[PDB]
$ cat work.txt   # compact mmCIF, N, CA and C atoms
# COMPACT_ATOMS: atom_id res chain seq x y z
N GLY A 1 -68.65 8.95 58.64
CA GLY A 1 -68.61 8.79 57.20
C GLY A 1 -67.23 9.05 56.63
N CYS A 2 -67.04 8.73 55.36
CA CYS A 2 -65.76 8.93 54.69
C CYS A 2 -65.50 10.41 54.46
N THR A 3 -64.40 10.71 53.77
CA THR A 3 -64.03 12.09 53.48
C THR A 3 -63.31 12.20 52.14
N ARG A 4 -63.58 13.28 51.42
CA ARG A 4 -62.96 13.50 50.12
C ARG A 4 -62.81 14.99 49.83
N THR A 5 -61.57 15.44 49.67
CA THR A 5 -61.29 16.84 49.40
C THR A 5 -60.12 16.99 48.43
N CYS A 6 -60.29 17.87 47.44
CA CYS A 6 -59.25 18.11 46.45
C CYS A 6 -59.24 19.57 46.01
N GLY A 7 -58.25 19.93 45.20
CA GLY A 7 -58.15 21.30 44.72
C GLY A 7 -56.73 21.84 44.80
N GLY A 8 -55.75 20.98 44.53
CA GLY A 8 -54.36 21.39 44.58
C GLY A 8 -53.91 22.07 43.30
N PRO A 9 -52.61 22.31 43.19
CA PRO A 9 -52.04 22.97 41.98
C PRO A 9 -52.12 22.05 40.74
N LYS A 10 -51.28 21.02 40.71
CA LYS A 10 -51.25 20.08 39.60
C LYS A 10 -52.31 19.00 39.77
N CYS A 11 -53.55 19.43 39.99
CA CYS A 11 -54.65 18.49 40.18
C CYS A 11 -54.31 17.44 41.22
N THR A 12 -54.58 17.75 42.48
CA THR A 12 -54.30 16.83 43.58
C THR A 12 -55.28 17.04 44.73
N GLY A 13 -55.04 16.32 45.83
CA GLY A 13 -55.91 16.44 46.99
C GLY A 13 -55.72 15.30 47.97
N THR A 14 -56.61 15.22 48.96
CA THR A 14 -56.54 14.17 49.97
C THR A 14 -57.89 13.50 50.16
N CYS A 15 -57.86 12.21 50.49
CA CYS A 15 -59.08 11.44 50.70
C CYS A 15 -58.88 10.38 51.78
N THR A 16 -59.93 10.14 52.56
CA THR A 16 -59.87 9.15 53.63
C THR A 16 -61.20 8.42 53.78
N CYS A 17 -61.18 7.11 53.62
CA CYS A 17 -62.38 6.30 53.74
C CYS A 17 -62.11 5.02 54.53
N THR A 18 -62.87 4.81 55.60
CA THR A 18 -62.71 3.63 56.44
C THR A 18 -62.72 2.36 55.60
N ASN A 19 -63.53 2.35 54.55
CA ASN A 19 -63.64 1.19 53.67
C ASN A 19 -62.27 0.80 53.12
N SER A 20 -61.44 1.80 52.84
CA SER A 20 -60.10 1.56 52.31
C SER A 20 -59.04 2.06 53.28
N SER A 21 -57.79 2.05 52.82
CA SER A 21 -56.67 2.51 53.65
C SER A 21 -55.90 3.62 52.95
N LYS A 22 -55.13 3.26 51.94
CA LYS A 22 -54.34 4.22 51.18
C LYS A 22 -55.21 4.97 50.17
N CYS A 23 -55.78 6.08 50.61
CA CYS A 23 -56.64 6.89 49.74
C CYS A 23 -55.94 8.18 49.33
N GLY A 24 -56.56 8.92 48.42
CA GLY A 24 -55.98 10.17 47.95
C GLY A 24 -56.49 10.57 46.59
N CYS A 25 -56.11 11.76 46.14
CA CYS A 25 -56.53 12.27 44.84
C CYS A 25 -55.50 11.96 43.77
N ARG A 26 -55.97 11.62 42.58
CA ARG A 26 -55.08 11.30 41.47
C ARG A 26 -55.52 12.02 40.19
N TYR A 27 -54.56 12.30 39.32
CA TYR A 27 -54.85 12.98 38.06
C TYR A 27 -54.66 12.04 36.87
N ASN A 28 -55.70 11.94 36.04
CA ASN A 28 -55.65 11.08 34.87
C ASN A 28 -55.37 11.89 33.61
N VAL A 29 -54.34 11.49 32.86
CA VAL A 29 -53.97 12.18 31.63
C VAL A 29 -54.03 11.24 30.44
N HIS A 30 -54.98 10.31 30.47
CA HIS A 30 -55.15 9.35 29.38
C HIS A 30 -56.11 9.89 28.33
N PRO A 31 -56.05 9.30 27.12
CA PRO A 31 -56.90 9.71 26.00
C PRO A 31 -58.36 9.33 26.22
N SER A 32 -58.58 8.21 26.90
CA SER A 32 -59.93 7.73 27.17
C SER A 32 -60.53 8.45 28.38
N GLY A 33 -60.59 9.78 28.30
CA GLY A 33 -61.13 10.56 29.38
C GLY A 33 -60.08 10.98 30.39
N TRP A 34 -59.90 12.29 30.55
CA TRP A 34 -58.93 12.81 31.47
C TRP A 34 -59.60 13.59 32.64
N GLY A 35 -58.86 13.78 33.72
CA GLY A 35 -59.39 14.49 34.87
C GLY A 35 -58.80 14.00 36.18
N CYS A 36 -58.89 14.83 37.21
CA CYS A 36 -58.36 14.48 38.52
C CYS A 36 -59.48 14.32 39.54
N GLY A 37 -59.42 13.24 40.32
CA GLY A 37 -60.43 12.99 41.32
C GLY A 37 -59.90 12.21 42.51
N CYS A 38 -60.80 11.78 43.38
CA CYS A 38 -60.41 11.02 44.57
C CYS A 38 -60.55 9.52 44.32
N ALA A 39 -59.45 8.79 44.53
CA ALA A 39 -59.45 7.35 44.34
C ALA A 39 -58.45 6.67 45.27
N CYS A 40 -58.86 5.55 45.85
CA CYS A 40 -58.01 4.80 46.77
C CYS A 40 -57.40 3.58 46.08
N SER A 41 -56.37 3.02 46.69
CA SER A 41 -55.70 1.85 46.13
C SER A 41 -55.19 0.93 47.24

$ encode --input "work.txt" --output "structure tokens"
Amino acid sequence: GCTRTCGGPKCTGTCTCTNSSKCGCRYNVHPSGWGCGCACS
């Protein structure tokens, strides 16, 4: 199965999913909902 882990200082982390390649945690600072989570690109 895939993997998702986060909990860094400035909202960060690491993620790995066979479905994708370049995965990882990202922090959103937009007005339309903010927060940091795991997302691939």

$ residues_around --input "work.txt" --residues "residue 7 in chain A" --least-positions-apart "6" --cutoff "8 Å" --atoms "all atoms listed in the file" --output "count of residues only"
3

$ closest_residue --input "work.txt" --among "A:27, A:40, A:3, A:34" --to "residue 15 in chain A" --atoms "all atoms listed in the file"
A:3

$ closest_residue --input "work.txt" --among "A:22, A:11, A:16, A:2" --to "residue 37 in chain A" --atoms "all atoms listed in the file"
A:11

$ atom_distance --input "work.txt" --atom1 "CA of residue 17 in chain A" --atom2 "atom C of residue 35 in chain A"
19.5 Å

$ atom_distance --input "work.txt" --atom1 "CA of residue 30 in chain A" --atom2 "atom N of residue 10 in chain A"
16.7 Å

$ atom_distance --input "work.txt" --atom1 "CA of residue 24 in chain A" --atom2 "CA of residue 9 in chain A"
14.7 Å

$ select_by_dssp --input "work.txt" --residues "chain A" --states "strand (DSSP E or B)" --output "list in words"
residues 3, 4, 5, 6, 13, 14, 15, 16, 25, 26, 27, 28, 35, 36, 37 and 38 of chain A

$ residues_around --input "work.txt" --residues "residue 41 in chain A" --least-positions-apart "2" --cutoff "8 Å" --atoms "only C-alpha atoms" --output "PyMOL selection string"
chain A and resi 20-23+39

$ decode --input "work.txt" --residues "range 8-37 of chain A" --atoms "N, CA, C and O atoms" --output "mmCIF file, in the first residue's frame"
data_model
loop_
_atom_site.group_PDB
_atom_site.id
_atom_site.type_symbol
_atom_site.label_atom_id
_atom_site.label_comp_id
_atom_site.auth_asym_id
_atom_site.auth_seq_id
_atom_site.Cartn_x
_atom_site.Cartn_y
_atom_site.Cartn_z
ATOM 1 N N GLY A 8 6.235 18.180 10.245
ATOM 2 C CA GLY A 8 7.470 18.938 10.320
ATOM 3 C C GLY A 8 7.288 20.274 11.014
ATOM 4 O O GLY A 8 6.236 20.541 11.592
ATOM 5 N N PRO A 9 8.316 21.113 10.957
ATOM 6 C CA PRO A 9 8.265 22.457 11.600
ATOM 7 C C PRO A 9 7.279 23.404 10.874
ATOM 8 O O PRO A 9 6.199 23.703 11.384
ATOM 9 N N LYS A 10 7.668 23.860 9.688
ATOM 10 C CA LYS A 10 6.832 24.757 8.901
ATOM 11 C C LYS A 10 5.814 23.972 8.081
ATOM 12 O O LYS A 10 5.709 24.150 6.866
ATOM 13 N N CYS A 11 5.063 23.105 8.751
ATOM 14 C CA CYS A 11 4.051 22.293 8.085
ATOM 15 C C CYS A 11 4.636 21.586 6.867
ATOM 16 O O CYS A 11 4.576 22.098 5.748
ATOM 17 N N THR A 12 5.203 20.404 7.091
ATOM 18 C CA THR A 12 5.802 19.627 6.013
ATOM 19 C C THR A 12 5.722 18.133 6.304
ATOM 20 O O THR A 12 5.121 17.713 7.293
ATOM 21 N N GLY A 13 6.334 17.332 5.436
ATOM 22 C CA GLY A 13 6.322 15.892 5.619
ATOM 23 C C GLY A 13 6.728 15.145 4.364
ATOM 24 O O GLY A 13 7.197 15.747 3.398
ATOM 25 N N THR A 14 6.549 13.828 4.378
ATOM 26 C CA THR A 14 6.904 12.997 3.234
ATOM 27 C C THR A 14 5.766 12.049 2.869
ATOM 28 O O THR A 14 5.014 11.603 3.736
ATOM 29 N N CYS A 15 5.646 11.746 1.581
ATOM 30 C CA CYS A 15 4.600 10.851 1.102
ATOM 31 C C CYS A 15 5.088 10.035 -0.093
ATOM 32 O O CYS A 15 5.862 10.521 -0.918
ATOM 33 N N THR A 16 4.631 8.789 -0.177
ATOM 34 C CA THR A 16 5.021 7.905 -1.268
ATOM 35 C C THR A 16 3.868 6.995 -1.677
ATOM 36 O O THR A 16 3.359 6.219 -0.867
ATOM 37 N N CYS A 17 3.461 7.092 -2.938
ATOM 38 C CA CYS A 17 2.368 6.277 -3.454
ATOM 39 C C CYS A 17 2.702 5.736 -4.841
ATOM 40 O O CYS A 17 3.013 6.495 -5.759
ATOM 41 N N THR A 18 2.635 4.416 -4.987
ATOM 42 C CA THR A 18 2.931 3.771 -6.260
ATOM 43 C C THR A 18 2.132 4.402 -7.395
ATOM 44 O O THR A 18 2.618 4.519 -8.519
ATOM 45 N N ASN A 19 0.904 4.809 -7.092
ATOM 46 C CA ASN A 19 0.036 5.428 -8.087
ATOM 47 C C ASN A 19 0.716 6.637 -8.724
ATOM 48 O O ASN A 19 0.560 6.892 -9.918
ATOM 49 N N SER A 20 1.469 7.377 -7.918
ATOM 50 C CA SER A 20 2.171 8.562 -8.401
ATOM 51 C C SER A 20 3.680 8.391 -8.266
ATOM 52 O O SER A 20 4.167 7.309 -7.942
ATOM 53 N N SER A 21 4.415 9.470 -8.516
ATOM 54 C CA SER A 21 5.871 9.441 -8.427
ATOM 55 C C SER A 21 6.376 10.494 -7.446
ATOM 56 O O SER A 21 6.795 10.174 -6.333
ATOM 57 N N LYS A 22 6.335 11.754 -7.867
ATOM 58 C CA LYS A 22 6.786 12.856 -7.027
ATOM 59 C C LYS A 22 5.725 13.223 -5.993
ATOM 60 O O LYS A 22 4.865 14.068 -6.245
ATOM 61 N N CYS A 23 5.794 12.585 -4.830
ATOM 62 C CA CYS A 23 4.841 12.845 -3.758
ATOM 63 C C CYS A 23 5.497 13.627 -2.624
ATOM 64 O O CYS A 23 6.710 13.831 -2.618
ATOM 65 N N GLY A 24 4.686 14.062 -1.665
ATOM 66 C CA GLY A 24 5.205 14.817 -0.539
ATOM 67 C C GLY A 24 4.143 15.669 0.127
ATOM 68 O O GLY A 24 3.015 15.759 -0.358
ATOM 69 N N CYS A 25 4.504 16.296 1.241
ATOM 70 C CA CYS A 25 3.573 17.145 1.976
ATOM 71 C C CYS A 25 3.720 18.604 1.556
ATOM 72 O O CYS A 25 4.826 19.082 1.308
ATOM 73 N N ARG A 26 2.594 19.308 1.478
ATOM 74 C CA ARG A 26 2.596 20.711 1.086
ATOM 75 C C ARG A 26 1.725 21.539 2.026
ATOM 76 O O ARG A 26 0.763 21.032 2.604
ATOM 77 N N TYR A 27 2.068 22.814 2.173
ATOM 78 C CA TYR A 27 1.319 23.711 3.045
ATOM 79 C C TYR A 27 0.566 24.759 2.231
ATOM 80 O O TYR A 27 1.153 25.463 1.411
ATOM 81 N N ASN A 28 -0.739 24.855 2.465
ATOM 82 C CA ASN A 28 -1.574 25.817 1.754
ATOM 83 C C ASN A 28 -1.846 27.045 2.618
ATOM 84 O O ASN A 28 -2.314 26.929 3.751
ATOM 85 N N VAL A 29 -1.549 28.221 2.076
ATOM 86 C CA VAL A 29 -1.762 29.471 2.795
ATOM 87 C C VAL A 29 -2.718 30.386 2.037
ATOM 88 O O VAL A 29 -2.580 31.608 2.068
ATOM 89 N N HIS A 30 -3.689 29.784 1.357
ATOM 90 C CA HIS A 30 -4.669 30.545 0.590
ATOM 91 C C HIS A 30 -5.879 30.895 1.451
ATOM 92 O O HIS A 30 -6.128 30.286 2.491
ATOM 93 N N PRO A 31 -6.650 31.901 1.011
ATOM 94 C CA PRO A 31 -7.846 32.355 1.726
ATOM 95 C C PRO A 31 -8.976 31.334 1.671
ATOM 96 O O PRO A 31 -9.759 31.208 2.613
ATOM 97 N N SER A 32 -9.057 30.605 0.562
ATOM 98 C CA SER A 32 -10.095 29.598 0.382
ATOM 99 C C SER A 32 -9.714 28.296 1.081
ATOM 100 O O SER A 32 -9.647 27.239 0.455
ATOM 101 N N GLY A 33 -9.466 28.382 2.385
ATOM 102 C CA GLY A 33 -9.095 27.204 3.148
ATOM 103 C C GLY A 33 -7.595 26.993 3.194
ATOM 104 O O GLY A 33 -6.954 26.818 2.160
ATOM 105 N N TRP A 34 -7.033 27.011 4.399
ATOM 106 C CA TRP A 34 -5.615 26.823 4.574
ATOM 107 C C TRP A 34 -5.305 25.509 5.344
ATOM 108 O O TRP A 34 -6.173 24.948 6.011
ATOM 109 N N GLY A 35 -4.063 25.045 5.235
ATOM 110 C CA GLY A 35 -3.665 23.826 5.914
ATOM 111 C C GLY A 35 -2.594 23.065 5.158
ATOM 112 O O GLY A 35 -2.412 23.263 3.957
ATOM 113 N N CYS A 36 -1.880 22.194 5.863
ATOM 114 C CA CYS A 36 -0.819 21.402 5.253
ATOM 115 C C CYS A 36 -1.184 19.920 5.240
ATOM 116 O O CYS A 36 -1.646 19.375 6.241
ATOM 117 N N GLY A 37 -0.973 19.274 4.097
ATOM 118 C CA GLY A 37 -1.286 17.863 3.974
ATOM 119 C C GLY A 37 -0.399 17.158 2.965
ATOM 120 O O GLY A 37 0.577 17.730 2.480
#
